[PDB]
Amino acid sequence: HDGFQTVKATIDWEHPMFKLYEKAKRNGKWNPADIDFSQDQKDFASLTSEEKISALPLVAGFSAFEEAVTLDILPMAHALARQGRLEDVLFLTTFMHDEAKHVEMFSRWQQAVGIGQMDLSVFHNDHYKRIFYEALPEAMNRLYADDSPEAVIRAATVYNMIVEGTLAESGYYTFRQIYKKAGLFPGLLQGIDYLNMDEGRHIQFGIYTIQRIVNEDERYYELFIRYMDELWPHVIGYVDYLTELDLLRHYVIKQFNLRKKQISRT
């Protein structure tokens, strides 16, 4: 440690990520342990065997979505801390704790409805593993040895713009539509609503991070777009697998294109 910013001076109170940190504390009070899952248990028990296995593929993708991102944000926090970006780090403590609650929430639902013992790994095909078992952890872990603008942009693209901002967002939108209409799983849907509010902040961090790097050299804009496209085939290839197993497809394309539009070449 060369010194400490709050000894030499203070926090930068006007920093965008300090402002996001403040919002996260105000809006991040929900506790998954407070959700009543008593009705979700009766709902799941009421389902036919065939109706049961219809919910499980998305729920397997969910618990893994959340456990992966809980573990995989730590190298980003390390890299930004090493660059002295104290406000970013403060914000990322709320990011990481949010992901812990999301892991917790889905595991509490599984336990409540009685599928905790079932191994749901069956429902991750080849493209799902390419992203969540491979390209996500490789891009994040890179940052321990290579924190170049190229490496940070790629980490933020894979994690924030694709995993959270394209795939997970579409999955939760889809799952909510379906079961809100059925009147089923009110505990889980309240959980997803809280989760979606959290993830609004997470995507803003990804946008800020990519944009501040693009703002130094528009070459990085073309890197951003290329990594986005590089990843699309596996994004859709997981959708197809679930399908083979419609609205999920349409919303995913929309979200992917929206994320590109939130980054400006200049």
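Numbering starts at 1 and runs along the sequence shown.
Missing coordinates between residue 9 and residue 10 amount to none of the deposited residues, so the segment is unbroken. Between 94-102 and 123-131, it is 123-131 that carries the larger average Cα temperature factor according to the deposited entry. In this crystal structure, the stretch out of 112-120 and 148-156 whose C-alpha atoms carry the higher mean B factor is 112-120. Across 142, 181, 78, 85, the entry's maximum B-factor at the CA atom is seen for 181. Per the PDB entry, 60 shows the highest C-alpha temperature factor of the residues 197, 60, 35, 203. Annotation for residue 31: CA B-factor lies in the lowest third of the chain's modelled residues.
Ranked within its chain, residue 210 lands in the lowest third, by CA B factor from the PDB record. Sorting the modelled residues of the chain by their CA temperature factor places residue 251 in the highest third. Sorting the modelled residues of the chain by their CA temperature factor places residue 24 in the lowest third.
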